[PDB]
Amino acid sequence: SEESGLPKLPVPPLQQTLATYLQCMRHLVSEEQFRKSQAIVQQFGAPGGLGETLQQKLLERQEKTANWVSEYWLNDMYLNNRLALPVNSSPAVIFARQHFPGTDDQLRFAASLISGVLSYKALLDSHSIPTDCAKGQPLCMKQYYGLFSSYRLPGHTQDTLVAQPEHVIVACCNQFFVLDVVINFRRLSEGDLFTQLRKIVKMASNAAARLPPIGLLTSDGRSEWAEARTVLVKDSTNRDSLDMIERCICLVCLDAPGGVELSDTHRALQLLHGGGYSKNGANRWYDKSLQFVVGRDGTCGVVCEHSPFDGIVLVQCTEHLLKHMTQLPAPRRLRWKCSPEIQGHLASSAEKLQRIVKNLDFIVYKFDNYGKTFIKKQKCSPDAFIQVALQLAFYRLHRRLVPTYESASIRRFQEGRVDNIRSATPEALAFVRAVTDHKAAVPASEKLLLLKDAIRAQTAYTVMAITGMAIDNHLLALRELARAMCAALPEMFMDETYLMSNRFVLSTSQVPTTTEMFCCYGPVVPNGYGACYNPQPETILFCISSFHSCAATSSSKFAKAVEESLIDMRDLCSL
Ligand SMILES: CN1C=CC(CCc2cccc3ccccc23)C=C1
Ligand code: NA
Ligand code: NA
């Protein structure tokens with residue numbers, strides 16, 4: 001009735017989590033460090049010890065909350081992160097290339113897309129989204145209600161995720177306009193929206209009314225933007241304008257032509273960071289959860305602030321919008337009252353964003369030799385096969401495995417977001433060593449046994465994670481319950497093995513789509529990669545990111561290593 005009928009997130013047994021943790025990490029640390037971690041974990045998990053006390057506190061939390069990890073996970077994964085949102089945090093979804101002969105063709109697309117957003121939001125708010133089922137077991141639908149009603153406020157040390165006549169904000173030439181999408185309570189038609197967008201484009205070209213590019217401030221580090229926003233709110237005009245953005249449905253960004261070839265890689269860059277201030281980088285407001293981009297040259301997609309929802313729900317929404325597209329007072333410019341103080345903040349923010357633009361090493365690589373159909377003919381799940389290929393790619397290029405992240409949905413449970421699948425398994429290590437160590441001369445028949453055992457272990461970890469039995473959320477909650485007892489964390493969580501374990505040098509996810517769109521994001525540590533893939537029946541799309549500052553990583557070398565690994569795995573499956 002009022003209460004969810006879904007199960008609550010399970011609390012795994014303490015000794016199960018501690019044993020999985022040590023087994024996860026043994027091959028990723030030195031023998032001496034492992035020996036010390038074994039003793040730390042034994043003391044933490046001893047009968048009558050601290051771990052048992054924290055586990056009892058966690059079972060009490062599970063009883064008193066809908067979801068015992070929600071608050072800790074939201075803060076740990078998103079709100080505590082100080083990095084600027086572009087590239088480091090906010091993923092982008094790139095739509096098919098569009099062809100816009102005239103400005104009017106760009107605006108008709110934007111009007112059609114806005115109409116689709118209004119229609120989808122009406123379905124959402126009437127609770128008419130058919131409940132998703134696993135692969136079926138019903139799934140939590142609460143992420144859908146965060147697509148349009150969320151705003152991420154910056155804080156000095158921790159951000160705040162806020163839930164809220166309806167309006168969109170249109171960004172054009174770094175200027176922001178309120179576009180009301182109802183008049184006389186009747187939703188604006190696609191034709192009315194077109195008429196309004198034309199007025200906006202005319203107003204935005206006016207030099208005598210041009211305001212400073214305040215959106216650039218949202219692209220900065222979170223504490224930097226917290227400081228600049230605090231300067232802004234000293235003025236009531238700015239407060240009014242910030243309130244309008246905080247309460248909009250979404251942004252629609254009418255970007256300027258990019259001036260570069262519209263390859264998939266280049267369209268993805270424009271969606272990730274707008275190409276910086278000199279291009280479209282200030283035509284943005286990164287705190288708002290959805291920024292649809294409809295560029296004059298046909299580059300279209302959506303930039304996502306992903307603190308309120310994960311990738312499956314986002315793609316369900318965007319696929320619905322795109323498929324739906326197949327079937328009067330003037331807008332109000334938001335005013336700003338700036339100072340030389342704010343001008344200094346703008347210059348700083350432009351410089352910092354340019355460092356992100358220049359630092360990103362990004363490639364879209366389409367593997368075209370095979371995809372899901374071939375993989376399923378090997379009695380393998382496509383996801384597990386591709387995760388083992390990524391381990392082999394990393395090992396053959398960098399000669400070690402590293403802590404690897406892969407999102408696993410826990411939407412089977414109330415308020416469920418994700419837990420981590422740790423794909424750098426002991427079985428993956430045995431396989432990649434056998435493949436790469438030519439001196440060992442392991443027979444191909446044995447390499448194939450090791451391959452299938454690595455895929456089996458990957459599949460098992462995935463089942464463990466999606467059923468709430470993996471370890472990362474459990475350890476996070478024990479850690480934060482310990483911090484509530486005493487600000488000095490116990491040795492368990494100060495141990496260098498634990499800190500290492502959560503620096504995801506390879507950060508991955510599978511985002512399958514049914515249309516030509518694709519998803520991408522940056523790495524999460526300076527010496528890391530981001531790898532987001534889209535498996536299709538006969539192809540697999542890989543979006544690979546890394547940072548040019550890190551001499552070890554290279555996105556083009558990693559994409560080549562992925563190709564070589566998929567070909568090696570094909571050859572082993574063809575003996
Ligand atoms: C480093 N990283 C970053 C993200 C994920 C998974 C979540 C996600 C992936 C791709 C698109 C998304 C669009 C909207 C919301 C979440 C999205 C995994 C690793
Ligand atoms: Na996790
Ligand atoms: Na690099």
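Qualifying trypsin sites (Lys or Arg not before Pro) in region 387-449, where qualification requires a DSSP coil assignment and no more than 10 other C-beta atoms within 10 Å, comprise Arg399.
Once the Cβ-Cβ distance of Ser339 and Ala444 is raised to the sixth power relative to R0 = 60 Å, the FRET efficiency obtained is 0.30. Highest average first, the peptides 261-267, 143-149 ordered by how many other beta carbon atoms sit within 10 Å of their residues are 143-149, 261-267. Of all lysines in the structure, the ones whose alpha carbon falls short of 22 Å from that of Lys64, not counting any fewer than 8 places away in one chain, are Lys8, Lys142. By the count of other C-beta atoms within 10 Å, a proxy for reagent exposure, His27, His99 are ordered fewest to most as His99, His27. The DSSP beta bridges internal to region 434-572 are antiparallel in roughly 60% of cases.
Centre-to-centre, using Cα atoms only, region 347-376 and region 455-534 are separated by 20 Å.
Note on region 244-375: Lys pairs 8 or more places apart or on different chains, Cα atoms under 25 Å apart, count 12. Charge tally around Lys358: other residues with Cβ under 15 Å, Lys/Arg +1 each, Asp/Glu -1 each, net +1. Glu563 sits among other residues whose Cβ lies under 14 Å from its own Cβ, and their net charge, with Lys and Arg +1 and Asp and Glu -1, is +1.
One quarter of the surface of the convex hull around the alpha-carbon atoms of the chain equals 27.9 nm², the direction-averaged projected area.
Simple point charges give the picture: +1 on the Cβ of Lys and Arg, -1 on the Cβ of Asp and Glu, and for the chain a dipole about the Cα centre of about 600 debye. Here's the list of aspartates and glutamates a cross-link from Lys447 could span, going by alpha-carbon distance under 13 Å and ignoring same-chain residues fewer than 8 apart: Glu427, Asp437, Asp568, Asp571.
Temperature 25 °C, viscosity 0.890 mPa s: under these conditions the Stokes-Einstein estimate for region 67-363, based on its Kirkwood radius over C-alpha pairs, is 126 µm² per second.
Here the residues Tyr365, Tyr529, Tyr370, ranked from fewest to most Cβ neighbours within 10 Å of their Cβ, fall in the order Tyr370, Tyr365, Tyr529. For region 495-566, which trypsin sites (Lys or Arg not before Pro) are in a loop by DSSP, counting at most 15 other Cβ atoms within 10 Å? Of the trypsin sites (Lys or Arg not before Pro), the ones in loops of region 495-566 whose Cβ has at most 15 other Cβ atoms within 10 Å are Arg503. This ranking places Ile567, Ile421, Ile342 by how few other beta-carbon atoms lie within 10 Å of each, fewest first, which gives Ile567, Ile342, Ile421. DSSP assigns beta bridges within region 67-363; of those with both partners inside it, close to 75 percent run antiparallel. Prolate is the label for region 200-256, because a/c, from the alpha-carbon gyration tensor with a ≥ b ≥ c as root eigenvalues, is 1.5 or above and a/b exceeds b/c. Please identify the GluC sites (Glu not before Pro) of region 1-38 that satisfy two criteria: DSSP loop assignment and at most 16 other Cβ atoms within 10 Å. Which are they? Here the sparse-neighbourhood loop sites are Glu2, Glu3. If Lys and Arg each add +1 and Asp and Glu each add -1, what is the summed charge of the other residues whose beta carbon sits under 12 Å from the beta carbon of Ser30? Cβ neighbours under 12 Å give a net charge of +1.
Shown in residue order for region 272-286 are the 3J(HN,Hα) couplings computed by the Karplus curve 6.51 cos²θ - 1.76 cosθ + 1.60 at θ = phi - 60°: 6, 9, x, x, x, 4, 5, 10, 10, x, 8, 8, 8, 8, 6 Hz (x for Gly and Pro).
No Cβ is skipped: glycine too gets one built from the backbone with ideal geometry, and neighbour counts run over all protein chains shown. FYI, it's all coordinate maths here, none of it is from the lab.
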